[PDB]
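K.L.:
partial complex follows, first chain(s) only, in situ:
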Amino acid sequence: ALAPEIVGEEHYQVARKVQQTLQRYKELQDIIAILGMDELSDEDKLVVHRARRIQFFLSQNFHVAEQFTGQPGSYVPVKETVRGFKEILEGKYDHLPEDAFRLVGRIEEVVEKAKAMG
């Protein structure tokens, strides 16, 4: 069902780029296992930056984990995740600490969670 006549074209494009972004990051992983980050090109360093945020934003705060951890947890509608990943993919939010994206819900939660650090 990941096809433009089932999901719609904007959802299909956002998903295709995310997979392209990650697959290129995985090629750089075996290079980063031998060598340092600044030994890459600046094009590959941009792929690492965005991919590492996406992997963490892919994560999410579940409700049934509430008993184990104080964190309440959230539900995201499909329109809100499609909108949010489009903003990360234009880079609108790249001026943010990495761990801001860990175990969060909507993209606006990242803004507030950032402020929490400072």
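P.N.:
On my side now, so go ahead. Numbers count the residues shown, from 1 in each chain, chains lettered A, B, ... in the order given.
K.L.:
pull the contacting residues for the residue nearest the centre of chain A.
P.N.:
Most central in chain A under Cα atoms, centre = their mean is residue A:54, positioned 1.7 Å from the mean C-alpha point. Residues in contact with residue A:54 (Cβ atoms under 8 Å, 6 or more residues apart in numbering) are A:18, A:21, A:22, A:85, A:88. Quick note: C-beta positions are derived from backbone N, CA and C, even for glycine.
K.L.:
can you pull the contacts of the residue lying closest to the third one once chain neighbours are set aside?
P.N.:
To tie it back to what came earlier, the one meant is residue A:22. If the residues on either side of it in the chain are set aside, residue A:22 comes closest to residue A:51, at 5.5 Å by Cβ to Cβ, 6 or more residues apart in numbering. Neighbour list for residue A:51: A:21, A:22, A:24, A:25 [criterion: Cβ under 8 Å, 6+ apart].
K.L.:
adding neighbour count, secondary structure and distance to residue A:113, write the residues you listed out as JSON lines.
P.N.:
As requested, these are arranged in JSON lines below (neighbours: other Cβ atoms under 10 Å; DSSP: H, G, I helix; E, B strand; the rest coil; distance: Cβ to Cβ, whole Å):
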{"residue": "A:21", "neighbour count": "18", "secondary structure": "helix", "distance to residue A:113": "22"}
{"residue": "A:22", "neighbour count": "15", "secondary structure": "helix", "distance to residue A:113": "23"}
{"residue": "A:24", "neighbour count": "14", "secondary structure": "helix", "distance to residue A:113": "27"}
{"residue": "A:25", "neighbour count": "19", "secondary structure": "helix", "distance to residue A:113": "23"}
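K.L.:
here is chain B, add it in:
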Amino acid sequence: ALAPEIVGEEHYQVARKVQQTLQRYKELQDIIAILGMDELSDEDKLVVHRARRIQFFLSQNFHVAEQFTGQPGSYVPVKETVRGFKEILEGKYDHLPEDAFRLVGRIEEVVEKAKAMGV
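P.N.:
Below, chain B sits with the chains from the block before:
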């Protein structure tokens, strides 16, 4: 009938000698499949060049293939067939490229097919 008596000595030294070159190529199949031809040395290099020539020069243009490919066919008489293999085995045609040795009849045809390419 590949017996020195029935097919004659000339058609005989030539037939067995062809089989000896090709059998070595099968042994070298499973090494060249991984590393390529850098690992090969000396006799290995010369044997693979001549095996490539032989394996393409066993292919022919048929009159019954005209319904599939537009080329005309060829009939190669035996005296021509035996004579042709010798010059490949001696190495008299080492210079000519491998793509000129496909779908041809008597040996001369390879020289004009090479000359069309100029390679």
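K.L.:
ok, back up a step: element containing the residue nearest to the centre of chain A, please.
P.N.:
Under the criterion of DSSP states H and E, residue A:54 resides in helix A:42-58.
K.L.:
that helix: which residues count as buried?
P.N.:
For helix A:42-58, the neighbour count (16 or more other Cβ atoms under 10 Å in any protein chain shown) marks A:44, A:47, A:48, A:50, A:51, A:53, A:54, A:56, A:57 as buried.
K.L.:
what angle separates the very next helix or strand once past it from helix A:42-58?
P.N.:
Downstream of helix A:42-58, the next assigned helix or strand under DSSP H and E is helix A:78-90. Relative orientation of helix A:78-90 and helix A:42-58, computed by axes from the mean of the first three to the mean of the last three Cα atoms, to 10 degrees: 160 degrees.
K.L.:
what does helix A:78-90 contact?
P.N.:
The contact list for helix A:78-90 (Cβ atoms under 8 Å, 6 or more residues apart in numbering or on different chains) reads A:10-11, A:14, A:17-18, A:21, A:50, A:53-54, A:57, A:93, A:106-107.
K.L.:
so residue A:106 sits against residue A:74, correct?
P.N.:
Yes. Contact criterion Cβ atoms under 8 Å: residue A:106 and residue A:74 qualify, at 7.3 Å.
K.L.:
quick revisit: can I get the CA coordinates of the helix holding residue A:54 in PDB?
P.N.:
C-alpha atoms of helix A:42-58 as PDB (Å, rounded to 0.1, in the frame of the first residue of the first chain):
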ATOM      1  CA  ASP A  42      30.100  18.000   3.700                       C
ATOM      2  CA  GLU A  43      27.400  16.300   1.500                       C
ATOM      3  CA  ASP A  44      27.800  13.100   3.500                       C
ATOM      4  CA  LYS A  45      27.900  15.000   6.800                       C
ATOM      5  CA  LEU A  46      24.500  16.600   6.000                       C
ATOM      6  CA  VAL A  47      23.100  13.100   5.300                       C
ATOM      7  CA  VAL A  48      24.400  11.900   8.800                       C
ATOM      8  CA  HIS A  49      22.900  15.000  10.500                       C
ATOM      9  CA  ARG A  50      19.400  14.600   9.100                       C
ATOM     10  CA  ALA A  51      19.300  10.800   9.300                       C
ATOM     11  CA  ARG A  52      20.300  10.700  12.900                       C
ATOM     12  CA  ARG A  53      17.400  13.100  13.800                       C
ATOM     13  CA  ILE A  54      14.900  11.000  11.600                       C
ATOM     14  CA  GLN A  55      15.800   7.800  13.300                       C
ATOM     15  CA  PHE A  56      15.100   9.400  16.700                       C
ATOM     16  CA  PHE A  57      11.900  11.200  15.500                       C
ATOM     17  CA  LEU A  58      10.700   7.800  14.200                       C
END
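K.L.:
following sequence is chain C, add it:
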Amino acid sequence: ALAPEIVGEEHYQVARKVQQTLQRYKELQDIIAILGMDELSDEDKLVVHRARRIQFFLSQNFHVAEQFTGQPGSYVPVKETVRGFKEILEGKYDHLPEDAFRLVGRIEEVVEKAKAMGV
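P.N.:
The block that follows adds chain C to the chains above:
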């Protein structure tokens, strides 16, 4: 019965150490068969050196091999077998050529057999 108590500490040490050398030679033969022996390290080279000698020195000249191999035959007492295999593992006899370890009984004999070859 290959337990330290039923055969002694000196015997067991040498026995298990031989079994490490021959298991290491088995995995290394795959790498040699495809990539080639010169590609590998000094420790890997010294394993292949010793493993060839150990494997041929396990062969022996029997009395029932008088009919099958001409040569008369040998009986090696256990104390001698431990001395000799210890020398192979410690490298004392590595100068000798490998062909002298086939169908022989005691290590003394291997020195003479080499002398005939001219080493």
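K.L.:
what about the contacts of residue A:54 again, now that chain C is present?
P.N.:
Neighbours of residue A:54 in contact, by Cβ under 8 Å, 6+ apart: A:18, A:21, A:22, A:85, A:88.
K.L.:
just residue A:25 next, same as before
P.N.:
Per Cβ under 8 Å, 6+ apart, neighbours of residue A:25: A:47, A:48, A:51, A:52.
K.L.:
now do 6 Å
P.N.:
For residue A:25, the contact set (Cβ atoms under 6 Å, 6 or more residues apart in numbering or on different chains) comprises A:47, A:48, A:51.
K.L.:
show me the contacts for the second one.
P.N.:
Residue A:48 makes contact with A:25, A:28, according to Cβ under 6 Å, 6+ apart.
K.L.:
circling back: and the helix holding residue A:54, how far from the chain's centre?
P.N.:
8 Å (Cα atoms, centre = their mean, to the nearest Å).
K.L.:
what do you get for stretch A:64-72?
P.N.:
Centre-to-centre, stretch A:64-72 and its host chain are 22 Å apart (Cα atoms, centre = their mean).
K.L.:
hmm, who's touching it?
P.N.:
A:61, A:73.
K.L.:
OK, now which residue of chain A is nearest to chain C?
P.N.:
Across chain A, the shortest distance to chain C (Cβ to the nearest Cβ) belongs to residue A:34, at 20.5 Å.
K.L.:
and the gap between that residue and chain B?
P.N.:
Counting by Cβ to the nearest Cβ, to the nearest Å, the gap from residue A:34 to chain B is 23 Å.
K.L.:
with residue A:45 instead?
P.N.:
Noted for residue A:45: a distance of 34 Å to chain B, by Cβ to the nearest Cβ.
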